[PDB]
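Visitor: Sending over query_4.cif (mmCIF, C-alpha atoms and all ligand atoms).
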data_entry
#
loop_
_atom_site.label_atom_id
_atom_site.label_comp_id
_atom_site.auth_asym_id
_atom_site.auth_seq_id
_atom_site.Cartn_x
_atom_site.Cartn_y
_atom_site.Cartn_z
CA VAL A 1 132.27 119.74 271.07
CA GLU A 2 135.16 121.35 273.10
CA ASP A 3 134.52 125.12 273.88
CA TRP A 4 133.80 125.15 270.05
CA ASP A 5 131.19 123.11 268.05
CA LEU A 6 132.21 120.55 265.32
CA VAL A 7 130.14 121.77 262.33
CA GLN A 8 131.26 119.71 259.33
CA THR A 9 133.79 117.15 258.32
CA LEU A 10 136.77 118.40 256.18
CA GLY A 11 139.39 115.77 255.24
CA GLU A 12 138.64 112.25 256.42
CA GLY A 13 142.19 110.73 256.27
CA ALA A 14 143.67 107.52 257.84
CA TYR A 15 144.70 108.74 261.32
CA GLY A 16 141.20 110.27 261.85
CA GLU A 17 139.63 113.48 260.36
CA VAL A 18 139.93 117.28 260.14
CA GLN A 19 136.65 118.96 261.10
CA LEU A 20 135.79 122.62 260.77
CA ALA A 21 135.14 124.04 264.29
CA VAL A 22 133.31 127.29 265.14
CA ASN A 23 133.35 129.10 268.47
CA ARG A 24 129.70 129.82 269.39
CA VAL A 25 130.54 132.96 271.36
CA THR A 26 132.96 134.77 268.92
CA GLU A 27 131.91 132.86 265.72
CA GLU A 28 135.53 132.22 264.95
CA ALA A 29 136.35 129.28 262.68
CA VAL A 30 139.33 126.80 262.96
CA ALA A 31 140.36 123.36 261.77
CA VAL A 32 140.70 120.65 264.35
CA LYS A 33 142.49 117.57 263.43
CA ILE A 34 141.32 114.54 265.48
CA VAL A 35 143.64 111.61 265.98
CA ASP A 36 142.69 108.69 268.16
CA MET A 37 146.04 107.43 269.46
CA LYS A 38 144.40 103.99 269.80
CA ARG A 39 143.27 103.58 266.11
CA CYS A 40 150.39 106.03 266.64
CA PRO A 41 151.58 108.24 269.66
CA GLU A 42 155.06 108.71 268.15
CA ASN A 43 154.60 110.44 264.81
CA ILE A 44 151.94 112.61 266.46
CA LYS A 45 154.33 113.83 269.19
CA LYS A 46 156.61 114.78 266.26
CA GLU A 47 153.84 116.42 264.27
CA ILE A 48 152.95 118.76 267.18
CA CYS A 49 156.52 119.30 267.98
CA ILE A 50 157.34 120.36 264.44
CA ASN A 51 154.09 122.46 264.31
CA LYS A 52 155.10 124.53 267.25
CA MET A 53 158.35 125.58 265.51
CA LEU A 54 156.32 126.89 262.50
CA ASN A 55 155.54 130.50 261.82
CA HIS A 56 154.96 131.74 258.27
CA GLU A 57 152.33 133.30 255.92
CA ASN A 58 152.59 130.15 253.66
CA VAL A 59 152.34 127.44 256.29
CA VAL A 60 149.06 126.53 258.00
CA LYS A 61 148.96 128.12 261.50
CA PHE A 62 149.23 125.98 264.56
CA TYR A 63 147.01 127.28 267.46
CA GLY A 64 147.46 124.46 270.05
CA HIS A 65 146.78 120.95 271.49
CA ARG A 66 144.78 119.16 274.19
CA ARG A 67 144.80 115.37 274.93
CA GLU A 68 141.22 114.59 276.22
CA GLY A 69 141.73 110.78 276.66
CA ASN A 70 143.43 109.08 273.73
CA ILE A 71 142.09 111.93 271.63
CA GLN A 72 144.70 114.52 270.49
CA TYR A 73 143.09 117.71 269.09
CA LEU A 74 145.48 119.82 266.95
CA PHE A 75 144.03 123.21 266.43
CA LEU A 76 144.96 124.63 262.96
CA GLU A 77 144.33 127.50 260.62
CA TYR A 78 141.11 126.71 258.77
CA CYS A 79 141.56 127.30 255.06
CA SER A 80 138.16 128.32 253.52
CA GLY A 81 139.70 128.10 250.03
CA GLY A 82 140.14 124.29 250.29
CA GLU A 83 142.89 122.38 248.47
CA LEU A 84 144.92 123.49 245.45
CA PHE A 85 143.93 120.10 244.25
CA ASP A 86 140.48 121.28 243.35
CA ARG A 87 141.80 124.30 241.37
CA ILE A 88 143.44 122.11 238.79
CA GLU A 89 140.93 121.21 236.03
CA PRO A 90 141.74 117.63 234.97
CA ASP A 91 143.66 117.54 231.69
CA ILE A 92 143.81 121.28 231.50
CA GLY A 93 145.22 122.79 234.75
CA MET A 94 144.72 126.50 235.40
CA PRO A 95 145.61 129.88 233.85
CA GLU A 96 149.39 130.19 233.73
CA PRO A 97 149.31 133.31 235.96
CA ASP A 98 147.49 131.51 238.71
CA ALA A 99 149.99 128.70 238.72
CA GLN A 100 152.86 131.15 238.83
CA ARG A 101 151.39 132.92 241.95
CA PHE A 102 150.78 129.57 243.63
CA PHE A 103 154.29 128.30 242.74
CA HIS A 104 155.73 131.62 244.22
CA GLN A 105 153.90 131.01 247.46
CA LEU A 106 154.90 127.38 247.45
CA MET A 107 158.50 128.43 247.09
CA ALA A 108 158.27 131.03 249.93
CA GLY A 109 156.84 128.37 252.23
CA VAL A 110 159.43 125.65 251.31
CA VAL A 111 162.31 128.20 251.60
CA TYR A 112 161.05 128.91 255.08
CA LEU A 113 160.78 125.31 256.28
CA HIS A 114 164.18 124.52 254.80
CA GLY A 115 165.57 127.52 256.41
CA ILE A 116 164.55 126.08 259.76
CA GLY A 117 165.80 122.62 259.06
CA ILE A 118 162.48 120.92 258.34
CA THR A 119 161.47 118.95 255.26
CA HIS A 120 157.74 118.36 254.62
CA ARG A 121 158.40 115.20 252.53
CA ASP A 122 154.90 115.04 251.08
CA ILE A 123 154.18 118.11 249.04
CA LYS A 124 151.30 117.57 246.66
CA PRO A 125 148.19 119.50 245.76
CA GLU A 126 146.19 117.80 248.41
CA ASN A 127 148.54 119.23 251.02
CA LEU A 128 148.50 122.79 249.73
CA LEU A 129 145.48 124.67 251.16
CA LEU A 130 144.06 128.02 250.09
CA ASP A 131 142.86 130.74 252.53
CA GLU A 132 140.05 133.36 252.05
CA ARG A 133 142.24 135.51 249.63
CA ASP A 134 143.51 132.30 247.80
CA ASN A 135 146.85 132.37 249.46
CA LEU A 136 148.62 129.07 249.45
CA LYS A 137 149.59 127.43 252.81
CA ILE A 138 151.57 124.24 253.17
CA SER A 139 149.64 121.81 255.29
CA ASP A 140 150.12 118.59 257.34
CA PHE A 141 153.48 118.01 258.92
CA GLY A 142 152.61 114.43 259.78
CA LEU A 143 155.48 113.10 257.68
CA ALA A 144 157.64 116.20 258.25
CA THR A 145 161.17 115.59 259.61
CA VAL A 146 164.32 117.59 260.80
CA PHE A 147 167.31 117.47 258.39
CA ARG A 148 169.47 120.17 259.79
CA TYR A 149 170.07 120.70 263.51
CA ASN A 150 172.85 122.76 265.09
CA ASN A 151 173.87 123.43 261.53
CA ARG A 152 174.65 119.85 260.57
CA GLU A 153 172.63 118.20 257.81
CA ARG A 154 171.52 114.66 258.17
CA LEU A 155 170.72 112.51 255.13
CA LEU A 156 167.26 110.91 255.14
CA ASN A 157 166.82 107.04 254.82
CA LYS A 158 163.15 106.30 255.37
CA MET A 159 161.14 106.34 252.14
CA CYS A 160 157.98 108.39 252.41
CA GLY A 161 155.62 110.63 250.56
CA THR A 162 153.40 109.94 247.64
CA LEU A 163 154.81 107.97 244.56
CA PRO A 164 153.90 110.33 241.65
CA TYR A 165 155.44 113.23 243.65
CA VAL A 166 158.51 111.37 244.92
CA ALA A 167 162.10 112.06 243.49
CA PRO A 168 163.97 109.16 241.84
CA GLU A 169 166.74 109.16 244.31
CA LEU A 170 164.42 108.11 247.10
CA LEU A 171 163.62 104.93 245.17
CA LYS A 172 167.15 104.20 244.32
CA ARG A 173 169.49 105.33 247.13
CA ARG A 174 169.91 104.22 250.74
CA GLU A 175 170.41 107.78 251.90
CA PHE A 176 169.67 111.07 250.13
CA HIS A 177 169.50 114.87 250.86
CA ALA A 178 166.08 116.20 252.01
CA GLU A 179 166.14 119.45 250.13
CA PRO A 180 166.28 118.14 246.51
CA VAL A 181 163.46 115.70 247.28
CA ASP A 182 161.21 118.67 248.15
CA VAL A 183 162.30 120.63 245.16
CA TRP A 184 161.27 117.70 242.82
CA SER A 185 157.87 117.34 244.39
CA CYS A 186 157.46 121.12 243.76
CA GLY A 187 158.18 120.49 240.01
CA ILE A 188 155.51 117.74 239.79
CA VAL A 189 153.14 120.23 241.41
CA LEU A 190 153.98 122.83 238.78
CA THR A 191 153.45 120.19 236.13
CA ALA A 192 150.06 119.31 237.59
CA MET A 193 149.07 123.00 237.66
CA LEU A 194 150.05 123.68 234.10
CA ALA A 195 148.68 120.46 232.35
CA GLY A 196 146.09 118.97 234.72
CA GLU A 197 147.73 115.60 234.71
CA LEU A 198 150.54 113.81 236.48
CA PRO A 199 153.59 112.81 234.31
CA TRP A 200 154.13 109.27 235.75
CA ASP A 201 152.93 106.88 238.48
CA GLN A 202 156.50 106.90 239.75
CA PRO A 203 159.98 108.03 238.60
CA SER A 204 161.43 104.52 237.94
CA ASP A 205 163.52 103.31 234.98
CA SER A 206 160.68 100.65 234.80
CA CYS A 207 158.11 103.37 233.93
CA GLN A 208 157.53 104.46 230.37
CA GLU A 209 156.54 108.05 230.75
CA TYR A 210 159.53 108.63 232.97
CA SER A 211 161.83 107.04 230.45
CA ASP A 212 160.30 109.34 227.88
CA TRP A 213 160.99 112.46 229.90
CA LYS A 214 164.74 111.53 230.42
CA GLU A 215 164.84 111.09 226.58
CA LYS A 216 163.39 114.63 226.35
CA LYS A 217 160.44 113.50 224.27
CA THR A 218 158.49 116.64 225.20
CA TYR A 219 156.28 116.37 222.13
CA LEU A 220 154.36 113.96 224.31
CA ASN A 221 151.56 114.47 226.59
CA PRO A 222 152.01 116.23 229.88
CA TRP A 223 154.80 118.49 228.39
CA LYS A 224 153.22 119.57 225.04
CA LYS A 225 150.52 121.42 227.00
CA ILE A 226 153.10 123.52 228.87
CA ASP A 227 154.99 126.22 227.08
CA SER A 228 158.38 126.82 226.55
CA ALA A 229 159.29 129.07 229.56
CA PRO A 230 157.68 127.11 232.34
CA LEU A 231 158.86 123.91 230.60
CA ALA A 232 162.46 125.26 230.75
CA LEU A 233 162.15 125.52 234.50
CA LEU A 234 160.71 122.06 234.71
CA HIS A 235 163.79 120.79 232.78
CA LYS A 236 165.80 122.18 235.54
CA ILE A 237 163.81 120.79 238.42
CA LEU A 238 163.05 117.37 237.21
CA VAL A 239 166.66 116.38 236.75
CA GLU A 240 167.40 112.80 237.99
CA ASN A 241 170.74 113.34 239.62
CA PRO A 242 169.82 115.15 242.79
CA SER A 243 173.21 117.00 242.61
CA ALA A 244 172.71 118.48 239.27
CA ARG A 245 169.11 119.42 240.15
CA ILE A 246 168.41 123.16 240.44
CA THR A 247 168.11 124.58 243.90
CA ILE A 248 165.71 127.01 245.19
CA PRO A 249 167.86 130.14 245.25
CA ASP A 250 168.31 129.32 241.49
CA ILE A 251 164.63 128.73 240.86
CA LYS A 252 164.26 132.35 241.99
CA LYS A 253 166.39 133.59 239.19
CA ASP A 254 164.73 131.43 236.52
CA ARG A 255 163.27 133.35 233.52
CA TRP A 256 159.63 132.08 233.80
CA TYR A 257 159.66 132.36 237.64
CA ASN A 258 160.39 136.12 237.12
CA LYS A 259 158.09 136.58 234.07
CA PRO A 260 155.33 139.10 234.65
CA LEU A 261 151.89 137.53 234.16
CA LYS A 262 149.57 138.63 236.88
CA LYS A 263 147.37 141.62 237.93
CA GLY A 264 146.69 142.65 241.61
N1 LIG B 1 146.94 117.60 254.22
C1 LIG B 1 145.56 117.98 254.52
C2 LIG B 1 144.43 117.70 253.44
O1 LIG B 1 144.44 119.04 252.87
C3 LIG B 1 142.99 117.41 254.14
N2 LIG B 1 141.83 118.07 253.40
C4 LIG B 1 141.30 119.27 253.70
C5 LIG B 1 140.33 119.79 252.83
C6 LIG B 1 139.80 121.03 253.16
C7 LIG B 1 140.25 121.69 254.33
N3 LIG B 1 139.83 122.89 254.66
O2 LIG B 1 140.49 123.79 255.76
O3 LIG B 1 138.78 123.24 253.70
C8 LIG B 1 141.18 121.22 255.16
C9 LIG B 1 141.53 122.06 256.29
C10 LIG B 1 142.51 121.52 257.13
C11 LIG B 1 143.06 120.22 256.80
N4 LIG B 1 142.68 119.46 255.71
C12 LIG B 1 141.72 119.95 254.85
#
Using structure tokens, write down the structure that the file contains.
Guide:
Amino acid sequence: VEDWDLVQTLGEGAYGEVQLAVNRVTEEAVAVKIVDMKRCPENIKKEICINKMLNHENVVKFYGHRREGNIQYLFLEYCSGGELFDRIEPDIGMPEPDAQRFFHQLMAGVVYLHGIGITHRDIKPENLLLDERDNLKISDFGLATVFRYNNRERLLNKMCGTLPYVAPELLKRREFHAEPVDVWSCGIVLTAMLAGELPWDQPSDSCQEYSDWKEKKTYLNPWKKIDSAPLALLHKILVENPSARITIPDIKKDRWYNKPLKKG
């Protein structure tokens, strides 16, 4: 209802909703996210601000914004593929080669953000969308923040994200580095892709499955389903001390990351 028609609803969140919009003239589809500033103005000025810095094949495109009352309309690459979340069969996952391709594209997109000083802070399957050729795009920069500016890094302090995807250090430390928190969330995504379940409600000492993982009891029930090469990588990513945790440039040299699996 704004040059374009609002055809169907797409992701009815908390803020408002993402609707799929078609232009009646040119037939061209986009996603419009609708936030009613009445039902925050602050995190949304940061969302559009971050969006405008973004340009990458693995990040959802930002087209633009109008304000039409209280009503902000962010205009965004429609992804006809939906969420990665729906590609994961519960308890089983997906073919190893499909996970590897999606993990590569997740890595490209994270490398890019980090490169420009931006941490997403809430990477999970629900926020990874698939285009027409199944290419992964990181989506929703609503919790995104800047962690490097004029080449100085700032530690984060605010806790945010989604508990099963969060790194331990965000539960435990007053300040922590952004990058390792995104790497961790990437590991839980890999886990989800390869087993079809989440390892733990949260990475606390007070949580059994997490305790079990630090004790390397991988005979148990996310990990058993995985396979020794991708598991090896997961042992490097889901390391509790954020300093000893593998980094991306080192994920790119990992044996499974570089294992040939998948046809064109
Ligand atoms: N973090 C956003 C979460 O993905 C919301 N759920 C969604 C499902 C499907 C589509 N879509 O283009 O089919 C969306 C498209 C744009 C935004 N969200 C979508």
Visitor: Kindly work out which residues sit at most 10 Å from ligand LIG 1 (chain B), using all atoms listed in the file, and give the list as a count of residues only.
Guide: 43
Visitor: When you count all atoms listed in the file, which of these residues is closest to residue A:136: A:264, A:93, A:16, A:109?
Guide: A:109
Visitor: Please measure the separation of atom CA of residue A:63 and atom CA of residue A:111, giving the value in Å to one decimal.
Guide: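 Here the two named atoms are 22.1 Å from each other.
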Visitor: Quick one: residues within 8 Å of residue A:184, all atoms listed in the file, excluding same-chain residues fewer than 3 positions away - as a list in words?
Guide: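 Contacts, with the query itself left out: residues 165, 166, 167, 180, 181, 187, 188, 237 and 238 of chain A.
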Visitor: Check the smallest atom-to-atom distance from each of A:258, A:157, A:191, A:221 to residue A:94 using only C-alpha atoms, then report the winner.
Guide: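 Of the candidates, the smallest distance to residue A:94 is held by A:191.
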Visitor: Which neighbours of residue A:262 fall inside 10 Å, counting only C-alpha atoms, when residues of the same chain fewer than 2 positions from it are skipped, and could you give them as a list in words?
Guide: residues 96, 97, 98, 100, 101, 259, 260 and 264 of chain A
Visitor: What is the distance between atom CA of residue A:183 and atom CA of residue A:249, in Å to one decimal?
Guide: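 Rounded to one decimal, the two atoms are 11.0 Å apart.
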Visitor: Using atom CA of residue A:53 and atom CA of residue A:117 as the two end points, give the distance in Å to one decimal.
Guide: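 So the two atoms, atom CA of residue A:53 and atom CA of residue A:117, lie 10.3 Å apart.
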Visitor: For a cutoff of 10 Å around the file-coordinate point (170.7, 105.5, 250.5), which residues qualify once you count all atoms listed in the file? I'd like the result as a PDB file with C-alpha atoms, keeping the file's coordinate frame.
Guide:
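Done, and the output landed in out-v2.pdb:
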ATOM      1  CA  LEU A 155     170.720 112.510 255.130  1.00  0.00           C
ATOM      2  CA  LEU A 156     167.260 110.910 255.140  1.00  0.00           C
ATOM      3  CA  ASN A 157     166.820 107.040 254.820  1.00  0.00           C
ATOM      4  CA  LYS A 158     163.150 106.300 255.370  1.00  0.00           C
ATOM      5  CA  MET A 159     161.140 106.340 252.140  1.00  0.00           C
ATOM      6  CA  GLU A 169     166.740 109.160 244.310  1.00  0.00           C
ATOM      7  CA  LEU A 170     164.420 108.110 247.100  1.00  0.00           C
ATOM      8  CA  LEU A 171     163.620 104.930 245.170  1.00  0.00           C
ATOM      9  CA  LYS A 172     167.150 104.200 244.320  1.00  0.00           C
ATOM     10  CA  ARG A 173     169.490 105.330 247.130  1.00  0.00           C
ATOM     11  CA  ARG A 174     169.910 104.220 250.740  1.00  0.00           C
ATOM     12  CA  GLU A 175     170.410 107.780 251.900  1.00  0.00           C
ATOM     13  CA  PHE A 176     169.670 111.070 250.130  1.00  0.00           C
ATOM     14  CA  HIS A 177     169.500 114.870 250.860  1.00  0.00           C
TER      15      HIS A 177
END
